[PDB]
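Only one chain is shown below, in structure tokens, and it's the form deposited in one PDB entry.
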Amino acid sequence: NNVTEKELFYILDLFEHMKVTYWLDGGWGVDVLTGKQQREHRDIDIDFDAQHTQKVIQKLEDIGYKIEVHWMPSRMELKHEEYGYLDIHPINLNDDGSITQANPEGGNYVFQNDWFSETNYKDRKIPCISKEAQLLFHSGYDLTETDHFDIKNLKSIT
């Protein structure tokens, strides 16, 4: 049921084939920063260009993902019988160079651009959020045992 490296690569291929700018986030994002798989994963988190929201959802449905949680335009969780869980997060990629997310209520989060980057993982280049961003969006007073493991793995990155 867990999301294997091969299944992650397939999802990465989907977005790249669709020419949708995106970055891997969450737990697989942590492992990718370390250069190898560290643990089993329930899910993949992908942050993606919000202008392609409709065709991203449609393609995921087309290959068998079922929508289970729809918190859009903030977040959506889908589930595939083989590929596992996938959470997508639409983000706004503005012509003025800025990268934003709508504030669930009022306003816009303005991300730091260098929080979105790329790493060479087993000689594939994978766009992903940075180690710094991973630590920033983790919450120190709200950590699971698995969060603790991931944070230690980030620390081991030279």
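For the two forms, the rigid core is made up of the largest set of C-alpha atoms that agree within 1.5 Å on superposition. Numbering starts at 1 and follows the sequence shown. Shifts are known only where both forms have a C-alpha.
Visitor: On mean Cα temperature factor in this entry, is 37 to 45 or 110 to 118 the higher one?
Guide: Higher mean C-alpha B-factor: 110 to 118.
Visitor: Could you check the entry and say whether 119 to 127 or 53 to 61 has the higher mean CA B-factor?
Guide: Averaged over C-alpha atoms, the B-factors run higher in 119 to 127.
Visitor: Please work out which residue in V32, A133, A102, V69 has the highest C-alpha B-factor recorded for this crystal structure.
Guide: Reading the PDB entry, the winner on C-alpha B-factor is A102.
Visitor: By its CA B factor, does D142 count among the lowest, middle or highest third of the modelled residues in the chain?
Guide: Within its chain, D142 is a highest-third residue by C-alpha B-factor, going by the deposited values.
Visitor: Determine, from the deposited record, the chain-internal third of the Cα B-factor for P90: lowest, middle or highest.
Guide: Within its chain, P90 is a middle-third residue by C-alpha B-factor, going by the deposited values.
Quick note: we don't show the form deposited in another entry, though the next part is all about it.
Visitor: Could you check which of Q37, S117, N108, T53 shows a C-alpha shift of 2 Å or more between the shown form and the other one after a rigid core superposition?
Guide: Comparing both forms, the shifted residue turns out to be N108.
Visitor: For a quick test of reading the superposition: does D95 move by 2 Å or more at the CA between the shown form and the other one, rigid core aligned?
Guide: Shift at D95: 2 Å or more after core fit.
Visitor: Provide the ranges, sorted by sequence, of consecutive runs with at least 3 residues in which each Cα shifts 2 Å or more between the shown form and the other one, based on a superposition on the core.
Guide: Shifted segments: 94 to 98, 102 to 110, 156 to 158.
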